[PDB]
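The next block holds one structure in the form of structure tokens; read it before the comments.
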Amino acid sequence: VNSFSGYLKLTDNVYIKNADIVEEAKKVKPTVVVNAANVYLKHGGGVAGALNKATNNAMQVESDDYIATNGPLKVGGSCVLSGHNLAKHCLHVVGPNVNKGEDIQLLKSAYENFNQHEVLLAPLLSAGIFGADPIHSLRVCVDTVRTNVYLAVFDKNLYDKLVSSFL
Ligand SMILES: O=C1CCCN1Nc1ncnc2[nH]c3cc(F)ccc3c12
């Protein structure tokens, strides 16, 4: 038993809710919140900008030190950093950004990072400003992630579409 509330159960291990991931994280304090990161951990907009804003820019300060030490992430890769006031940890995962011409097949690799964590609160990778089809992203999630994932979808219209079309 865990504290996630109001989710629709899609599969054995995948759950979905129309919610603002920032508000959900603040209320749940999950062990892991996933960020929709880029390879430079520049959290300027989308989910990343919202999560970073909710940390009062502490996520960005920590991220800049991470990059200065380690260099950029790989597309499809991830790193674990602090969850600040939102979660114990933030798993920064880089899905491919279609608006940069990145290969979509990397989306499966991106989701594989979730399997290193027993339970996660997450957005749909490569959705939103990353330009992928969220219905495809949901399919890859269900077919790749084996750990327990609670997906927060900000847009109510999109949430209803994802549910209604789910196979
Ligand atoms: O809806 C979708 C589907 C693909 C990613 N994505 N974006 C979010 N998904 C969940 N929670 C979110 N909170 C936000 C706050 C913002 F300012 C901007 C975007 C989001 C967001």
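Naming works like this for the structure tokens: A, B, ... for the chains as they're shown, residue 1 at the start of each chain, ligands 1 onward in shown order.
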
Which neighbours of segment 66-73 of chain A fall inside 10 Å, counting only C-alpha atoms, when residues of the same chain fewer than 3 positions from it are skipped, and could you give them as a short mmCIF file (atom, residue, chain, number, x, y, z; two decimals) with N, CA and C atoms, in the first residue's frame?
data_model
loop_
_atom_site.label_atom_id
_atom_site.label_comp_id
_atom_site.auth_asym_id
_atom_site.auth_seq_id
_atom_site.Cartn_x
_atom_site.Cartn_y
_atom_site.Cartn_z
N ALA A 37 14.03 15.94 -18.22
CA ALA A 37 15.27 16.69 -18.31
C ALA A 37 15.80 16.74 -19.74
N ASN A 38 16.68 17.70 -19.98
CA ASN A 38 17.54 17.68 -21.15
C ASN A 38 18.98 17.35 -20.73
N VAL A 39 19.84 17.13 -21.72
CA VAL A 39 21.19 16.65 -21.42
C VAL A 39 21.99 17.70 -20.68
N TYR A 40 21.60 18.99 -20.79
CA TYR A 40 22.34 20.00 -20.02
C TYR A 40 21.75 20.28 -18.65
N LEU A 41 20.68 19.58 -18.29
CA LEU A 41 19.91 19.86 -17.07
C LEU A 41 19.58 21.35 -16.94
N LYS A 42 19.21 21.96 -18.06
CA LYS A 42 18.73 23.34 -18.09
C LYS A 42 17.21 23.30 -17.99
N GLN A 60 18.05 23.81 -10.13
CA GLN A 60 18.98 24.31 -11.14
C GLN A 60 20.39 24.48 -10.57
N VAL A 61 20.51 25.02 -9.36
CA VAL A 61 21.83 25.22 -8.76
C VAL A 61 22.54 23.87 -8.59
N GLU A 62 21.82 22.87 -8.07
CA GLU A 62 22.40 21.54 -7.92
C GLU A 62 22.78 20.95 -9.27
N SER A 63 21.90 21.14 -10.26
CA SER A 63 22.13 20.60 -11.60
C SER A 63 23.36 21.22 -12.25
N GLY A 76 18.41 9.50 -23.63
CA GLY A 76 18.06 8.18 -23.15
C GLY A 76 18.61 7.88 -21.77
N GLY A 77 19.48 8.74 -21.24
CA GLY A 77 20.10 8.53 -19.95
C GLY A 77 19.43 9.28 -18.82
N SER A 78 20.05 9.17 -17.64
CA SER A 78 19.47 9.73 -16.44
C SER A 78 20.54 9.96 -15.38
N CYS A 79 20.17 10.75 -14.38
CA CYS A 79 20.94 10.83 -13.15
C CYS A 79 19.98 11.03 -11.98
N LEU A 81 19.40 12.96 -8.54
CA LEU A 81 19.78 14.11 -7.74
C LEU A 81 18.75 14.27 -6.63
N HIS A 92 16.32 12.55 -13.05
CA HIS A 92 16.32 13.37 -14.25
C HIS A 92 16.52 12.44 -15.43
N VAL A 93 15.51 12.30 -16.29
CA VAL A 93 15.55 11.38 -17.42
C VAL A 93 15.44 12.18 -18.70
N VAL A 94 16.32 11.90 -19.66
CA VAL A 94 16.31 12.61 -20.94
C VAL A 94 15.65 11.72 -21.99
#

Problem set entry | Who sits within 10 Å of residue 160 of chain A, only C-alpha atoms, same chain under 5 positions skipped, as a ChimeraX atom specification | /A:17-18,153,155,165

Problem set entry | Residues near residue 104 of chain A, cut-off 12 Å, only C-alpha atoms, skip fewer than 2 positions along chain, as an MDAnalysis selection string | chainID A and resid 75:76 94:102 106:111 125:127 130:133 136:137 140

So that I have them on file, write out the residues from the current selection with C-alpha atoms, as an mmCIF file, in the first residue's frame.
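out_20.cif, written as the output of this step:
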data_model
loop_
_atom_site.group_PDB
_atom_site.id
_atom_site.type_symbol
_atom_site.label_atom_id
_atom_site.label_comp_id
_atom_site.auth_asym_id
_atom_site.auth_seq_id
_atom_site.Cartn_x
_atom_site.Cartn_y
_atom_site.Cartn_z
ATOM 1 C CA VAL A 75 19.796 11.210 -24.659
ATOM 2 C CA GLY A 76 18.064 8.177 -23.154
ATOM 3 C CA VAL A 94 16.315 12.609 -20.939
ATOM 4 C CA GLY A 95 13.811 11.439 -23.517
ATOM 5 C CA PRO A 96 14.428 12.349 -27.125
ATOM 6 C CA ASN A 97 13.289 15.849 -28.125
ATOM 7 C CA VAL A 98 11.562 15.582 -31.504
ATOM 8 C CA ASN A 99 11.935 19.344 -31.914
ATOM 9 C CA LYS A 100 15.715 18.702 -31.943
ATOM 10 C CA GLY A 101 15.517 15.771 -34.379
ATOM 11 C CA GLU A 102 16.440 13.099 -31.839
ATOM 12 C CA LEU A 106 15.644 6.337 -27.656
ATOM 13 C CA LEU A 107 12.353 6.712 -25.784
ATOM 14 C CA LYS A 108 12.472 3.051 -24.758
ATOM 15 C CA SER A 109 16.006 3.508 -23.382
ATOM 16 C CA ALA A 110 14.792 6.569 -21.461
ATOM 17 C CA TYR A 111 11.976 4.610 -19.821
ATOM 18 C CA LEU A 125 8.608 11.146 -21.332
ATOM 19 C CA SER A 126 9.128 13.142 -24.535
ATOM 20 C CA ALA A 127 5.580 14.555 -24.321
ATOM 21 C CA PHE A 130 9.621 17.504 -26.320
ATOM 22 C CA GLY A 131 7.308 16.972 -29.287
ATOM 23 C CA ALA A 132 6.500 13.258 -29.210
ATOM 24 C CA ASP A 133 3.016 11.773 -29.430
ATOM 25 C CA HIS A 136 3.047 6.576 -28.194
ATOM 26 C CA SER A 137 4.917 7.606 -25.054
ATOM 27 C CA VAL A 140 6.329 2.637 -24.593
#

Proximity of chain A to ligand 1: per-residue shortest pair, 12 Å limit, only C-alpha atoms and all ligand atoms, as CSV:
residue,atom,partner,partner_atom_place_in_ligand_line,distance
A:16,CA,ligand 1,10 (C),10.4
A:17,CA,ligand 1,10 (C),9.3
A:18,CA,ligand 1,10 (C),8.0
A:19,CA,ligand 1,11 (N),6.3
A:20,CA,ligand 1,11 (N),4.3
A:21,CA,ligand 1,11 (N),4.1
A:22,CA,ligand 1,13 (N),6.0
A:23,CA,ligand 1,13 (N),8.2
A:24,CA,ligand 1,11 (N),8.7
A:25,CA,ligand 1,11 (N),9.9
A:33,CA,ligand 1,11 (N),10.9
A:34,CA,ligand 1,10 (C),10.1
A:35,CA,ligand 1,10 (C),9.6
A:36,CA,ligand 1,5 (C),7.7
A:37,CA,ligand 1,5 (C),11.1
A:43,CA,ligand 1,17 (F),11.0
A:44,CA,ligand 1,17 (F),9.8
A:45,CA,ligand 1,18 (C),6.6
A:46,CA,ligand 1,18 (C),3.9
A:47,CA,ligand 1,20 (C),4.2
A:48,CA,ligand 1,18 (C),7.6
A:49,CA,ligand 1,17 (F),6.5
A:50,CA,ligand 1,17 (F),4.5
A:51,CA,ligand 1,15 (C),7.4
A:52,CA,ligand 1,17 (F),9.9
A:53,CA,ligand 1,17 (F),8.9
A:54,CA,ligand 1,15 (C),9.9
A:95,CA,ligand 1,5 (C),11.1
A:97,CA,ligand 1,4 (C),11.8
A:121,CA,ligand 1,10 (C),9.7
A:122,CA,ligand 1,10 (C),7.5
A:123,CA,ligand 1,9 (N),4.9
A:124,CA,ligand 1,4 (C),4.9
A:125,CA,ligand 1,4 (C),6.6
A:126,CA,ligand 1,4 (C),6.7
A:127,CA,ligand 1,4 (C),3.6
A:128,CA,ligand 1,4 (C),4.0
A:129,CA,ligand 1,5 (C),7.3
A:130,CA,ligand 1,5 (C),8.0
A:131,CA,ligand 1,4 (C),8.8
A:132,CA,ligand 1,4 (C),8.5
A:133,CA,ligand 1,4 (C),8.7
A:134,CA,ligand 1,4 (C),6.2
A:135,CA,ligand 1,3 (C),9.5
A:136,CA,ligand 1,4 (C),11.1
A:137,CA,ligand 1,4 (C),8.7
A:138,CA,ligand 1,3 (C),9.7
A:150,CA,ligand 1,10 (C),10.8
A:151,CA,ligand 1,10 (C),7.7
A:152,CA,ligand 1,10 (C),4.8
A:153,CA,ligand 1,10 (C),4.3
A:154,CA,ligand 1,1 (O),4.0
A:155,CA,ligand 1,1 (O),5.0
A:156,CA,ligand 1,1 (O),8.3
A:157,CA,ligand 1,1 (O),9.5
A:158,CA,ligand 1,1 (O),7.1
A:159,CA,ligand 1,1 (O),7.8
A:160,CA,ligand 1,1 (O),11.4
A:161,CA,ligand 1,3 (C),11.4
A:162,CA,ligand 1,3 (C),10.0

Would you return as a CSV table (one decimal) with N, CA, C and O atoms, in the first residue's frame the members of segment 9-134 of chain A that DSSP assigns to helix (DSSP H, G or I) on this structure's backbone?
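Written output follows (out_9.csv):
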chain,number,residue,atom,x,y,z
A,21,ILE,N,2.1,17.6,-11.7
A,21,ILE,CA,3.1,16.8,-11.1
A,21,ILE,C,3.7,17.5,-9.9
A,21,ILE,O,4.1,16.9,-8.9
A,22,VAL,N,3.8,18.9,-10.0
A,22,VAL,CA,4.4,19.6,-8.9
A,22,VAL,C,3.5,19.5,-7.7
A,22,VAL,O,4.0,19.3,-6.5
A,23,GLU,N,2.2,19.7,-7.9
A,23,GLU,CA,1.2,19.6,-6.7
A,23,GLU,C,1.1,18.2,-6.2
A,23,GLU,O,1.0,18.0,-5.0
A,24,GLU,N,1.2,17.2,-7.1
A,24,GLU,CA,1.2,15.8,-6.6
A,24,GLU,C,2.4,15.5,-5.8
A,24,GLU,O,2.3,14.9,-4.8
A,25,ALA,N,3.6,15.9,-6.3
A,25,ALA,CA,4.8,15.7,-5.5
A,25,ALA,C,4.8,16.3,-4.1
A,25,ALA,O,5.1,15.7,-3.1
A,26,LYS,N,4.3,17.6,-4.1
A,26,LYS,CA,4.3,18.3,-2.8
A,26,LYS,C,3.4,17.5,-1.8
A,26,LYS,O,3.7,17.5,-0.6
A,27,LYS,N,2.3,16.9,-2.3
A,27,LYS,CA,1.4,16.3,-1.4
A,27,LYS,C,1.8,14.9,-1.1
A,27,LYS,O,1.7,14.4,0.0
A,28,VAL,N,2.3,14.2,-2.1
A,28,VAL,CA,2.7,12.8,-1.8
A,28,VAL,C,4.1,12.7,-1.2
A,28,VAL,O,4.4,11.8,-0.4
A,46,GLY,N,8.4,23.6,-19.6
A,46,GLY,CA,7.8,22.3,-19.5
A,46,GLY,C,7.8,21.8,-18.0
A,46,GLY,O,7.8,22.6,-17.1
A,47,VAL,N,7.8,20.5,-17.9
A,47,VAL,CA,7.8,19.9,-16.5
A,47,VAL,C,9.0,20.3,-15.8
A,47,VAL,O,9.0,20.6,-14.6
A,48,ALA,N,10.2,20.4,-16.5
A,48,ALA,CA,11.4,20.7,-15.8
A,48,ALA,C,11.4,22.2,-15.2
A,48,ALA,O,11.8,22.4,-14.1
A,49,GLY,N,10.9,23.1,-16.0
A,49,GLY,CA,10.8,24.5,-15.5
A,49,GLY,C,9.9,24.6,-14.4
A,49,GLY,O,10.1,25.3,-13.4
A,50,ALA,N,8.8,23.8,-14.4
A,50,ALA,CA,7.8,23.8,-13.3
A,50,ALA,C,8.4,23.2,-12.0
A,50,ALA,O,8.3,23.8,-10.9
A,51,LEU,N,9.0,22.0,-12.1
A,51,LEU,CA,9.6,21.4,-11.0
A,51,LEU,C,10.7,22.3,-10.4
A,51,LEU,O,10.8,22.5,-9.2
A,52,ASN,N,11.5,22.9,-11.3
A,52,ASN,CA,12.6,23.8,-10.8
A,52,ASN,C,12.1,25.0,-10.1
A,52,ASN,O,12.6,25.4,-9.0
A,53,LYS,N,11.1,25.6,-10.7
A,53,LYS,CA,10.4,26.8,-10.0
A,53,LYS,C,9.9,26.5,-8.7
A,53,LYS,O,10.0,27.2,-7.7
A,54,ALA,N,9.3,25.3,-8.5
A,54,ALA,CA,8.8,24.9,-7.2
A,54,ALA,C,9.9,24.7,-6.2
A,54,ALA,O,9.6,24.7,-5.0
A,58,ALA,N,16.6,25.8,-6.6
A,58,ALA,CA,17.6,24.9,-6.0
A,58,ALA,C,17.9,23.7,-6.9
A,58,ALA,O,19.1,23.3,-6.9
A,59,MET,N,16.9,23.2,-7.6
A,59,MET,CA,17.2,22.1,-8.5
A,59,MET,C,18.2,22.6,-9.6
A,59,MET,O,19.1,21.8,-9.9
A,60,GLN,N,18.0,23.8,-10.1
A,60,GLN,CA,19.0,24.3,-11.1
A,60,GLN,C,20.4,24.5,-10.6
A,60,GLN,O,21.4,24.1,-11.2
A,61,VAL,N,20.5,25.0,-9.4
A,61,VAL,CA,21.8,25.2,-8.8
A,61,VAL,C,22.5,23.9,-8.6
A,61,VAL,O,23.7,23.7,-9.0
A,62,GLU,N,21.8,22.9,-8.1
A,62,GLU,CA,22.4,21.5,-7.9
A,62,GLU,C,22.8,21.0,-9.3
A,62,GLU,O,23.8,20.3,-9.4
A,63,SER,N,21.9,21.1,-10.3
A,63,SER,CA,22.1,20.6,-11.6
A,63,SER,C,23.4,21.2,-12.2
A,63,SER,O,24.1,20.5,-12.9
A,64,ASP,N,23.6,22.5,-12.1
A,64,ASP,CA,24.7,23.2,-12.7
A,64,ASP,C,26.0,22.6,-12.1
A,64,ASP,O,27.0,22.4,-12.8
A,65,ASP,N,26.0,22.3,-10.8
A,65,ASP,CA,27.2,21.7,-10.2
A,65,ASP,C,27.4,20.3,-10.8
A,65,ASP,O,28.5,19.9,-11.0
A,66,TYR,N,26.3,19.5,-10.9
A,66,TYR,CA,26.4,18.2,-11.5
A,66,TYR,C,27.0,18.2,-12.9
A,66,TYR,O,27.9,17.4,-13.2
A,67,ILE,N,26.6,19.2,-13.8
A,67,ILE,CA,27.1,19.2,-15.1
A,67,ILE,C,28.6,19.7,-15.1
A,67,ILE,O,29.4,19.2,-15.9
A,68,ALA,N,28.9,20.7,-14.3
A,68,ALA,CA,30.3,21.1,-14.2
A,68,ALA,C,31.2,20.0,-13.8
A,68,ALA,O,32.4,19.9,-14.3
A,69,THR,N,30.8,19.0,-13.0
A,69,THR,CA,31.6,17.9,-12.6
A,69,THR,C,31.6,16.8,-13.6
A,69,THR,O,32.6,16.2,-13.9
A,70,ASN,N,30.4,16.5,-14.2
A,70,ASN,CA,30.2,15.2,-15.0
A,70,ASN,C,30.0,15.4,-16.4
A,70,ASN,O,30.1,14.4,-17.2
A,98,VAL,N,11.9,15.6,-30.1
A,98,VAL,CA,11.6,15.6,-31.5
A,98,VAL,C,11.9,16.9,-32.1
A,98,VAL,O,12.3,17.0,-33.3
A,99,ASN,N,11.6,18.0,-31.4
A,99,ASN,CA,11.9,19.3,-31.9
A,99,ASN,C,13.4,19.6,-32.0
A,99,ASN,O,13.8,20.7,-32.5
A,100,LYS,N,14.3,18.7,-31.6
A,100,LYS,CA,15.7,18.7,-31.9
A,100,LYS,C,16.1,17.6,-32.9
A,100,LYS,O,17.3,17.5,-33.2
A,106,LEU,N,15.0,6.1,-28.9
A,106,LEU,CA,15.6,6.3,-27.7
A,106,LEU,C,14.6,6.5,-26.5
A,106,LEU,O,15.1,6.4,-25.4
A,107,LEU,N,13.4,6.6,-26.8
A,107,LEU,CA,12.4,6.7,-25.8
A,107,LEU,C,12.3,5.4,-24.9
A,107,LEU,O,12.1,5.5,-23.7
A,108,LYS,N,12.5,4.3,-25.6
A,108,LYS,CA,12.5,3.1,-24.8
A,108,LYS,C,13.6,3.0,-23.8
A,108,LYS,O,13.5,2.7,-22.6
A,109,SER,N,14.8,3.4,-24.3
A,109,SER,CA,16.0,3.5,-23.4
A,109,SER,C,15.7,4.5,-22.2
A,109,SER,O,16.1,4.2,-21.1
A,110,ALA,N,15.1,5.6,-22.5
A,110,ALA,CA,14.8,6.6,-21.5
A,110,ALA,C,13.9,5.9,-20.4
A,110,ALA,O,14.1,6.1,-19.2
A,111,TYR,N,12.9,5.2,-20.8
A,111,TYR,CA,12.0,4.6,-19.8
A,111,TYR,C,12.7,3.5,-19.0
A,111,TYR,O,12.3,3.3,-17.9
A,112,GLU,N,13.6,2.8,-19.6
A,112,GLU,CA,14.3,1.8,-18.9
A,112,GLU,C,14.9,2.3,-17.6
A,112,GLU,O,15.1,1.5,-16.6
A,113,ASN,N,15.3,3.5,-17.5
A,113,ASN,CA,15.8,4.1,-16.3
A,113,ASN,C,14.9,3.9,-15.1
A,113,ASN,O,15.3,3.8,-14.0
A,114,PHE,N,13.5,3.9,-15.4
A,114,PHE,CA,12.6,3.8,-14.4
A,114,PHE,C,12.7,2.5,-13.6
A,114,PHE,O,12.3,2.4,-12.5
A,115,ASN,N,13.2,1.4,-14.3
A,115,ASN,CA,13.2,0.1,-13.7
A,115,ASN,C,14.2,0.0,-12.6
A,115,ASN,O,14.2,-1.0,-11.9
A,116,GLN,N,15.1,1.0,-12.4
A,116,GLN,CA,16.0,1.0,-11.3
A,116,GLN,C,15.4,1.5,-10.0
A,116,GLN,O,16.0,1.6,-9.0
A,128,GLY,N,4.7,16.8,-24.3
A,128,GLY,CA,4.7,18.2,-24.1
A,128,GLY,C,5.7,18.9,-25.1
A,128,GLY,O,5.8,18.5,-26.3
A,129,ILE,N,6.5,19.8,-24.6
A,129,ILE,CA,7.4,20.5,-25.4
A,129,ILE,C,8.5,19.7,-26.1
A,129,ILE,O,9.3,20.2,-26.9
A,130,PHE,N,8.7,18.4,-25.7
A,130,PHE,CA,9.6,17.5,-26.3
A,130,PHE,C,9.1,16.9,-27.6
A,130,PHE,O,9.8,16.3,-28.4
A,134,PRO,N,2.1,11.8,-27.2
A,134,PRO,CA,1.9,11.2,-25.8
A,134,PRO,C,1.2,9.8,-25.8
A,134,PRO,O,1.5,9.0,-24.9

Exercise. Pick the closest to residue 11 of chain A from A:142, A:30, A:164, A:117: which is it, counting only C-alpha atoms?
Worked result: A:142

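The gap separating atom CA of residue 32 of chain A from atom CA of residue 120 of chain A is 5.0 Å, in Å to one decimal.
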
Exercise. Which residues in chain A does DSSP call strand (DSSP E or B)? List them as a ChimeraX atom specification.
Worked result: /A:8-9,14-18,32-36,78-82,89-93,119-122,148-153

Written file, previous selection with N, CA and C atoms, as an mmCIF file, in the first residue's frame:
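Below you can see selection-v7.cif, which holds the result:
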data_model
loop_
_atom_site.group_PDB
_atom_site.id
_atom_site.type_symbol
_atom_site.label_atom_id
_atom_site.label_comp_id
_atom_site.auth_asym_id
_atom_site.auth_seq_id
_atom_site.Cartn_x
_atom_site.Cartn_y
_atom_site.Cartn_z
ATOM 1 N N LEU A 8 -6.194 6.041 -12.029
ATOM 2 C CA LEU A 8 -6.778 4.956 -12.799
ATOM 3 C C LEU A 8 -5.688 3.925 -13.082
ATOM 4 N N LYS A 9 -6.023 2.650 -12.900
ATOM 5 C CA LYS A 9 -5.070 1.562 -13.079
ATOM 6 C C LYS A 9 -5.096 1.119 -14.538
ATOM 7 N N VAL A 14 1.180 0.170 -14.000
ATOM 8 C CA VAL A 14 1.102 1.537 -14.497
ATOM 9 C C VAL A 14 -0.255 2.131 -14.140
ATOM 10 N N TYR A 15 -0.205 3.333 -13.579
ATOM 11 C CA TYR A 15 -1.354 4.095 -13.110
ATOM 12 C C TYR A 15 -1.277 5.494 -13.709
ATOM 13 N N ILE A 16 -2.426 6.157 -13.900
ATOM 14 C CA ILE A 16 -2.454 7.469 -14.553
ATOM 15 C C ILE A 16 -3.497 8.374 -13.893
ATOM 16 N N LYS A 17 -3.184 9.659 -13.791
ATOM 17 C CA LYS A 17 -4.057 10.634 -13.156
ATOM 18 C C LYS A 17 -3.894 11.971 -13.866
ATOM 19 N N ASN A 18 -4.999 12.703 -14.000
ATOM 20 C CA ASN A 18 -4.945 14.092 -14.437
ATOM 21 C C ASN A 18 -4.499 14.901 -13.233
ATOM 22 N N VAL A 32 10.674 9.001 -5.343
ATOM 23 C CA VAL A 32 11.250 9.426 -6.618
ATOM 24 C C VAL A 32 10.210 10.195 -7.421
ATOM 25 N N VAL A 33 10.545 11.429 -7.812
ATOM 26 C CA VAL A 33 9.843 12.144 -8.874
ATOM 27 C C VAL A 33 10.756 12.184 -10.092
ATOM 28 N N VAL A 34 10.207 11.920 -11.216
ATOM 29 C CA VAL A 34 10.951 11.983 -12.460
ATOM 30 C C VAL A 34 10.815 13.376 -13.048
ATOM 31 N N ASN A 35 11.934 13.877 -13.552
ATOM 32 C CA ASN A 35 11.948 15.127 -14.304
ATOM 33 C C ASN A 35 12.165 14.802 -15.774
ATOM 34 N N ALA A 36 11.489 15.596 -16.595
ATOM 35 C CA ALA A 36 11.643 15.577 -18.041
ATOM 36 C C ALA A 36 12.822 16.484 -18.396
ATOM 37 N N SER A 78 20.047 9.172 -17.644
ATOM 38 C CA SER A 78 19.466 9.733 -16.437
ATOM 39 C C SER A 78 20.536 9.956 -15.381
ATOM 40 N N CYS A 79 20.167 10.749 -14.377
ATOM 41 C CA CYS A 79 20.939 10.829 -13.146
ATOM 42 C C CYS A 79 19.979 11.031 -11.984
ATOM 43 N N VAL A 80 20.406 10.593 -10.805
ATOM 44 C CA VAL A 80 19.655 10.779 -9.568
ATOM 45 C C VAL A 80 20.235 11.967 -8.823
ATOM 46 N N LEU A 81 19.402 12.956 -8.540
ATOM 47 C CA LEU A 81 19.784 14.107 -7.739
ATOM 48 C C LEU A 81 18.754 14.272 -6.631
ATOM 49 N N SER A 82 18.914 15.325 -5.841
ATOM 50 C CA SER A 82 17.969 15.568 -4.764
ATOM 51 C C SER A 82 16.567 15.850 -5.294
ATOM 52 N N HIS A 89 14.172 11.991 -3.891
ATOM 53 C CA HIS A 89 15.084 12.028 -5.019
ATOM 54 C C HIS A 89 14.343 12.516 -6.252
ATOM 55 N N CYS A 90 15.091 13.143 -7.154
ATOM 56 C CA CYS A 90 14.618 13.418 -8.502
ATOM 57 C C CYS A 90 15.450 12.609 -9.482
ATOM 58 N N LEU A 91 14.775 11.771 -10.264
ATOM 59 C CA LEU A 91 15.402 11.053 -11.364
ATOM 60 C C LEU A 91 15.234 11.912 -12.613
ATOM 61 N N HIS A 92 16.325 12.547 -13.046
ATOM 62 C CA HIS A 92 16.316 13.370 -14.252
ATOM 63 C C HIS A 92 16.517 12.437 -15.427
ATOM 64 N N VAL A 93 15.512 12.304 -16.286
ATOM 65 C CA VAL A 93 15.554 11.381 -17.417
ATOM 66 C C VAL A 93 15.440 12.179 -18.701
ATOM 67 N N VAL A 119 9.188 2.421 -7.159
ATOM 68 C CA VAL A 119 7.990 3.247 -7.299
ATOM 69 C C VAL A 119 8.409 4.649 -7.728
ATOM 70 N N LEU A 120 7.684 5.229 -8.693
ATOM 71 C CA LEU A 120 8.007 6.565 -9.196
ATOM 72 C C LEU A 120 6.740 7.328 -9.518
ATOM 73 N N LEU A 121 6.816 8.643 -9.323
ATOM 74 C CA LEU A 121 5.845 9.601 -9.841
ATOM 75 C C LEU A 121 6.491 10.220 -11.083
ATOM 76 N N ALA A 122 5.803 10.187 -12.230
ATOM 77 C CA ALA A 122 6.495 10.562 -13.453
ATOM 78 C C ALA A 122 5.571 11.250 -14.447
ATOM 79 N N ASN A 148 6.616 0.162 -10.428
ATOM 80 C CA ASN A 148 5.312 0.792 -10.245
ATOM 81 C C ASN A 148 5.407 2.278 -10.552
ATOM 82 N N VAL A 149 4.709 2.706 -11.592
ATOM 83 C CA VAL A 149 4.806 4.073 -12.077
ATOM 84 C C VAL A 149 3.435 4.729 -12.043
ATOM 85 N N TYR A 150 3.412 5.916 -11.444
ATOM 86 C CA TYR A 150 2.245 6.770 -11.300
ATOM 87 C C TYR A 150 2.465 7.962 -12.221
ATOM 88 N N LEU A 151 1.725 7.997 -13.324
ATOM 89 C CA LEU A 151 1.876 9.021 -14.348
ATOM 90 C C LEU A 151 0.916 10.167 -14.080
ATOM 91 N N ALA A 152 1.473 11.380 -14.011
ATOM 92 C CA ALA A 152 0.717 12.616 -13.862
ATOM 93 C C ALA A 152 0.643 13.303 -15.225
ATOM 94 N N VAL A 153 -0.575 13.564 -15.682
ATOM 95 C CA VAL A 153 -0.820 14.226 -16.955
ATOM 96 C C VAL A 153 -1.494 15.555 -16.655
#

Exercise. So, counting only C-alpha atoms, which residue among A:12, A:86, A:166, A:105 is closest to residue 147 of chain A?
Worked result: A:12

For this session: Mind giving me the straight-line distance from atom CA of residue 144 of chain A to atom CA of residue 103 of chain A in Å, one decimal?
Result: 17.0 Å

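One finds atom CA of residue 5 of chain A at 18.7 Å from atom CA of residue 88 of chain A.
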